[PDB]
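Structure record follows, encoded as structure tokens.
No lab work stands behind these numbers, since they all come straight from the coordinates. Positions of Cβ are backbone-derived with ideal geometry, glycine not excepted, and every protein chain shown enters the neighbour counts.
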Amino acid sequence: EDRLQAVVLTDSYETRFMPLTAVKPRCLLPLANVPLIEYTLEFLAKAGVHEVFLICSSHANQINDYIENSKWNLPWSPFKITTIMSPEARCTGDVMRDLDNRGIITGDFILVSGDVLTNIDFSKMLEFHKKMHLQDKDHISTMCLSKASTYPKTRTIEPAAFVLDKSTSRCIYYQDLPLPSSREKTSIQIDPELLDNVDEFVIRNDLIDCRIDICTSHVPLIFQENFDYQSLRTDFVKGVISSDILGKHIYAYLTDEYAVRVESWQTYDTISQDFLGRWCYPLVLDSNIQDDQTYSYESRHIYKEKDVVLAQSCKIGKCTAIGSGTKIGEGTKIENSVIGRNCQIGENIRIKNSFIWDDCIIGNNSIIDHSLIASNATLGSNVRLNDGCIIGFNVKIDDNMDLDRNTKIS
Amino acid sequence: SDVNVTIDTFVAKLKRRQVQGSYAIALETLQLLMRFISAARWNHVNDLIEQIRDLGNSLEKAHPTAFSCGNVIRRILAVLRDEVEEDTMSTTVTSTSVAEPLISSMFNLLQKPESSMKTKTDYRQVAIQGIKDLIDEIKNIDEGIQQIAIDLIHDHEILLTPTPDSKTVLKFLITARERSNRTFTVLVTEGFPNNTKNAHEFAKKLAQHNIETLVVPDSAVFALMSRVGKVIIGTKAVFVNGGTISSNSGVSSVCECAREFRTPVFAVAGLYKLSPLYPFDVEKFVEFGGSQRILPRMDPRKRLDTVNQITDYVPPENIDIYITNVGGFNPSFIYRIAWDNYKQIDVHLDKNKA
Amino acid sequence: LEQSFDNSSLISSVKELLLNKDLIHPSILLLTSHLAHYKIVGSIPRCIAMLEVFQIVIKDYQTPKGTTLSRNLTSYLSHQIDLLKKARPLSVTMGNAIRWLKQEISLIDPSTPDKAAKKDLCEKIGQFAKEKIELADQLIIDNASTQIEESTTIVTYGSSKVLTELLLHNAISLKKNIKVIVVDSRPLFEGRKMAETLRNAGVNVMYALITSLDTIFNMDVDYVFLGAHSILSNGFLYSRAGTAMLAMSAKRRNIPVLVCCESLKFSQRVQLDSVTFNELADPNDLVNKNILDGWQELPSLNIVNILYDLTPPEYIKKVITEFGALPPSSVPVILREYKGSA
Amino acid sequence: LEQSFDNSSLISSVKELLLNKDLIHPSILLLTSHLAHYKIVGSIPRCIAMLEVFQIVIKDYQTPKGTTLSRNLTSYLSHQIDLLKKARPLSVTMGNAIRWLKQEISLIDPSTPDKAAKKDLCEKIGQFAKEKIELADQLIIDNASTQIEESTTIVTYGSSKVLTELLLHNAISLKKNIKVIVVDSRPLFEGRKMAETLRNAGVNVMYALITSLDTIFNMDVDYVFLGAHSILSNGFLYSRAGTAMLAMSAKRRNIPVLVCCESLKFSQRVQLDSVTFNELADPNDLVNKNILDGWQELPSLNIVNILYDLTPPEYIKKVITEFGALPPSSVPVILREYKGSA
């Protein structure tokens, strides 16, 4: 029952964040002013785990310096935290055969891939897992997935067809599916030979992946022999249900509320606005948890810490967030945009929908739309940004320069 | 020791809403403080007030929008501060002890020129018995309420209550029919979407003891405000103004409709729910909740912004009387009960005196 | 039983009239089952729906053998009214349309060959829906648009009836900055119908709920607008319930209150108490094993809801109608000088 | 039966106790028949009458055989109380005298030869009537006389208790000009007792009635004084009925209201509604073949009267007591610091 183990496997999405992510990993980027490891860690500590295994495929030293300076290498953390050093850019899966060669994991454990952010009570996911244990001795795992029924077509990189059972929600089959920009590729195929004794099934598109899989310790031993697998779901959950091994069924869970995972900036923006708005109760921002901030909450979704210098005649619209020690100026405008700590905002800037990180001295009269600025990258006077710019870490910009759409400058 | 793990596991319990309300969090922080005082090493009592005060500062800084975990520690700091003065005056041979309970609180700080005698361990046992009679006070707050509020209500009056989620009003409105035989009815609104899992349970518990009850929704309370003669509030915390901080919702407006129709407004409250603080900025003492359960569409890209509220403040002007276990009191006479149970020192409960 | 208001017989919950005494139009059965089952309406949506289904029921005449068209149609159409009377109690936009319609039936003469009956009832009821509804609302837009400055907020309530077009006009057709706050109530979530439309058109909508009504007014806020169901002879407003709480809160926090209404919607009757003349609305809707099941079979429990209640005329700063602005205490002068005579 | 207030059992109308179980003093039977039959009293006249008849009943000891004076006298005097309890419900000047008297009975020691019992009860109850009544009232005079300018008016109500001496003092003993308006009510015409005394002493009395209360306040008028029966723990006054109408009229027409009270008369209990704790007073008095006879034997008729009702503490500008002036919201500080301890 108890003694929950766990493993987080980050550092597989460096293709996504390429102007960034080459000086510090994806897992160390501030979603809301704090690098998003703890958005997984506080969740699975509330899940009540006892050990985690951080796979750090790149920048392994600037993982463990933060980990040893975290609140998790202090002798009351609900799990002890361990890392795994790595040669660069391993495909997933083979980390589990390396684990089985090492042989630490016994019992149920979390296969949390990527970096998630969720409100789901994992406690009520345990009884689904144990009902799977009691009513099936041929189980594999459970796959919790969200019900984002009001939007298809906008969960960017991979759209999937999680076809599963009516009654027991056993995952029948899986298939990758193309993009709305491609009008060409129009077919999927589900061959009905394994569809013999099911008699009732559902095929949905509105289930977004979140890669939070909890299983038994039998399935890494199952995964040991079949050495052909390189992904976690494009190959494995197809190649474990497609009549390959007999008597091994995989199950999948559907929640009712918010549970999401980082894919790219067209998901990073949406989850930043859902978390920064009150769409993520109770895992919200004003509670001041992570690095003992001082966020207060006005109406209209305003987040301010202590020592914020809001200058006279400024206006701050919906859904913003400002760290401590900053300084904005006269005539500036803030709307729907998180601002990092200790920056120096100049004069008359209309910041809108852009995620400005820590220590960003922005020059005067230099308006910004969606142009999220990473740490220490200062600007100058009359620097008109525009949409899509993902200007990177420590980038000096001179005056009067214009940018274009998706100009991934670094 | 094995006490520093307990104080932060209670901190992490109070962060993520595993304890809620005002009863349970007060009992749990009092249990935590008894665990703390059982393993304290002070060597002087003015060290012990700092060892009990930095814990209070950390725990108030952890979660300011629940006050029952922030005033029990102030109350026991007060009752442990009180026996400094009693022992100290008596020990001095020259003037002994005045032993007078009430003093002018302006002037005595404006003239300052600067046997069982000590019995060093006695502060521990007096703190433990203070823990014990705080338990024996908080566990039976309804007795003074059911004693004195029947003197304040009459028989054939239809009632309204906007706080269904309070055990005080539930026990009082059961015992008003169980022992006394005063028949009436109770309108009840739901604080959608928070008390809608509680107001229906409230109506079920009142229909089990079958007091003529009926549920109004939120929007239909002004039409029925002219009929009703009285409202009653089961609050969560009450400040030195009498401006209380309530349960889930409703009461910031229905009490206003009570004030505008000159309808009396009650407020039952346990004595532990007091706070010697002040509503400096009123939004900072108000817990705005999440936008999930007021529209379950979860609008992806259109994304109409919205606001929820899980805390309604009332001012003291809209409220009329306080029914506590130590008698009935004006809203303009809540300060003196606080200074009868708190001191001037622990309101800025912080080591960094700025 | 202490106030006995739940036994108010102003609505009758009897259903399923099986009687084939009259030719009930199937379209009007669709309209009654569209009203009473799932309420999709305000007041002037009910007026336009009733008017453009009476359009169809006069277009499908089917006159009897020996009876002239001037001597059957009012009784036939009154039996058509009776099914809506069973469905939902009538608005004043119901009543001041149907009594006008009967007066226009009355002035027909027994020489119509049932071909120009279209040309003096269809075209005339289209002129009614033009004049007393739509271009009157156009005058409402052109009269209320001058009383909104740029970069302000608006707090409506429920589903608006006319001023959705006012907010769209001042948002897009005049391009001045505006931040609409829509607030609605359990159980008819009809403010969401305004929120979808206004935000789909692209204006800064910020939805709320009426339980959290305090924190709306603590922002930068002015110009509460209110849709009306009727305006009484005194000055008492009459609209969807929960209007009056934000009315008294809005007058309490000294920011103005307006009512966009038209001269078809003023009423001759009179009341001052809220629960006097009112509609009880189907108490099974206030539940959604549920939270509670069976207020019946449990002794001493009841579930009540109210659709309609009155703001006192001290609260409304300005009723606006298509003739012009007016204080609410001066509504009988437009009861006597302009309603019916125009 | 709609409010059922007439069946409030705070007074019991049973009479004629014939039981000879105890030695009931004939003087106390005179006092009870002097109270309940023809009411000649206020509150401190009842206090002085009760106190100076308990004077006589302790002066006439008649102790039994084997019982010590410390072990009989409280039960004997409580059975003396019970006849007044039957006669008229007790004031707080009744109660805060009798509980003090029982506490002073309690501290006697079993060595008194029933000769010094006089010297520590008669002299001590005379010191009580001196200290907590009469010289306290002398302090009321000397404290309230500085808050009246010359050539002004005073509107009292009913029979005053202490401030008759205040009006006589400021009329004659200080010779400043003053024009007292006395107003009273049906049925206890006890303002006439003030009017006879004040005009016999020679001050400009102008009697009135409470039905004509409007035309008093339209003159040159200020400084409404009010005698108190008790002051509650909140600040709610409690006195003879009809006080609160001129209280709210006086605060309405922005002229000040005072209450001359003493620290014996403050009470520990609490109420805020007027008809909660109250005295019904003999409904045959509201008739004087008469105008009507027999409210009984006629179905569906009742005659009610009220002696006591509450002014809210928003109306009283200044309660004055022998320690000093105070706002009425601050009466619990003299409940806790000075009552009993002085």
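A few points about this structure:
- Excluding same-chain neighbours fewer than eight residues apart, the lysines reachable from B:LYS205 by a Cα-Cα span under 18 Å are B:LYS167, B:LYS171, B:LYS197, C:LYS289.
- Computed FRET value (nearest 0.05) for C:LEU135 with C:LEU10, which takes r as the C-beta separation and R₀ as 25 Å: 0.15
- Here chain B has an Rg and Dmax of 22.7, 79 Å, counting Cα atoms alone.
- The antiparallel fraction among DSSP beta bridges confined to chain A stands at about 35%.
- Taken over the stretch C:68-142, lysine pairs spaced eight or more positions apart, or on distinct chains, with alpha carbons under 27 Å apart number 21.
- Sorted fewest first by neighbouring Cβ atoms within 10 angstrom, C:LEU18, C:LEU107, A:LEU372 come out as C:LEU18, C:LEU107, A:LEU372.
- Simple label model, 7 Å out from Cα along Cβ direction - A:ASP138 to C:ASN20, nm: 5.9
- Ordered by the count of other Cβ atoms within 10 Å of each Cβ, fewest first, B:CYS257, A:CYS91, C:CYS260 give A:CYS91, B:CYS257, C:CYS260.
- Volume of the Cα convex hull of the stretch C:119-236, divided per residue and given in Å³: 148
- Here the stretch C:84-110 is scanned for amide nitrogen atoms under 18 Å from the site 7 Å beyond the Cα of C:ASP120 along Cα-to-Cβ, giving C:100-110.
- Cα point-scatterer Debye curve for chain A, base-10 log of I(q)/I(0) at q = 0.08, 0.11, 0.14 Å⁻¹: -0.48, -0.87, -1.30
- Entry note, chain C: the mean residue ellipticity at 222 nm calculated from DSSP H runs of n ≥ 4, each adding -39500 (n - 2.57), is -10000 deg cm²/dmol after division by the residues and rounding to the nearest 500.
- Enclosed volume per residue, in Å³, of the convex hull spanned by Cα atoms of the stretch C:140-342: 136
- Cα-based Rg and Dmax for the stretch C:288-328, where Dmax is the largest Cα-Cα distance (Å): 20.4, 54
- Over the protein assembly as shown, the Kirkwood radius and the radius of gyration, each from Cα atoms, give a ratio Rg/Rh of 1.03.
- At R0 = 45 Å, FRET efficiency that the Cβ-Cβ distance of B:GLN344 and D:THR152 yields, to 0.05: 0.50
- Residues of the stretch C:35-75 with amide N under 17 Å of the 7 Å Cα→Cβ point at C:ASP285: C:35-47
- Applying a DSSP loop filter and a limit of 16 other Cβ atoms within 10 Å to the trypsin sites (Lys or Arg not before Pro) in the stretch D:55-112 leaves D:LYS65, D:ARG71.
- Total formal charge among the other residues, if their Cβ is under 9 angstrom from that of C:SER185, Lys/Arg +1 and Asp/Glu -1: -1
- Sorted into 5 angstrom bins from 0, the C-alpha pair distances of the stretch B:3-139 split as 2, 8, 17, 19, 17, 14, 10, 7, 4, 1, 0 percent.
- Annotation for B:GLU201 and A:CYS314: the two label points, set 7 Å from Cα along the Cα-Cβ direction, are 4.5 nm apart.
- For the stretch D:7-114, the set of chymotrypsin sites (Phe, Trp or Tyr not before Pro) satisfying both a DSSP loop assignment and a count of at most 12 other C-beta atoms within 10 Å is given as D:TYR38.
- The stretch A:105-145 and the stretch C:140-217: distance between their alpha carbon centers, rounded to Å: 45
- Summarising the amide proton neighbourhood of A:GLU263: residues at separation of 5 or more, or on other chains, whose placed amide H is nearer than 5 Å comprise A:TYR268.
- Estimated vicinal HN-Hα couplings, Hz - the stretch A:36-44 in sequence order (Karplus 6.51, -1.76, 1.60; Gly, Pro = x): 6, 4, 5, 5, 7, 6, 5, 4, 7
- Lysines with Cα under 22 Å of B:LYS353, excluding same-chain neighbours fewer than 8 positions away: A:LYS306, B:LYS61, B:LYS112, B:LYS284, B:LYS343
- Of all DSSP beta bridges in chain B, antiparallel share, percent nearest 5: 30
- Three principal axis extents of the stretch C:187-249 based on alpha-carbon atoms, in descending order, are 38, 25, 23 Å.
- DSSP bridge pairs, the protein assembly as shown: antiparallel proportion in percent, nearest 5: 35
- The translational diffusion coefficient of chain C, from Stokes-Einstein at 37 °C and 0.692 mPa s with a Kirkwood hydrodynamic radius over alpha carbon pairs, comes to 150 µm²/s.
- Segment A:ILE104-A:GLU193, extension gain: residue separation times 0.36 nm, minus the distance between their alpha carbons: 28.2 nm
- 3J(HN,Hα) along the stretch B:75-84: 5, 6, 5, 5, 6, 8, 6, 5, 7, 5 Hz, from the Karplus curve 6.51 cos²θ - 1.76 cosθ + 1.60 with θ = phi - 60°, whole Hz, x for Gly and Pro.
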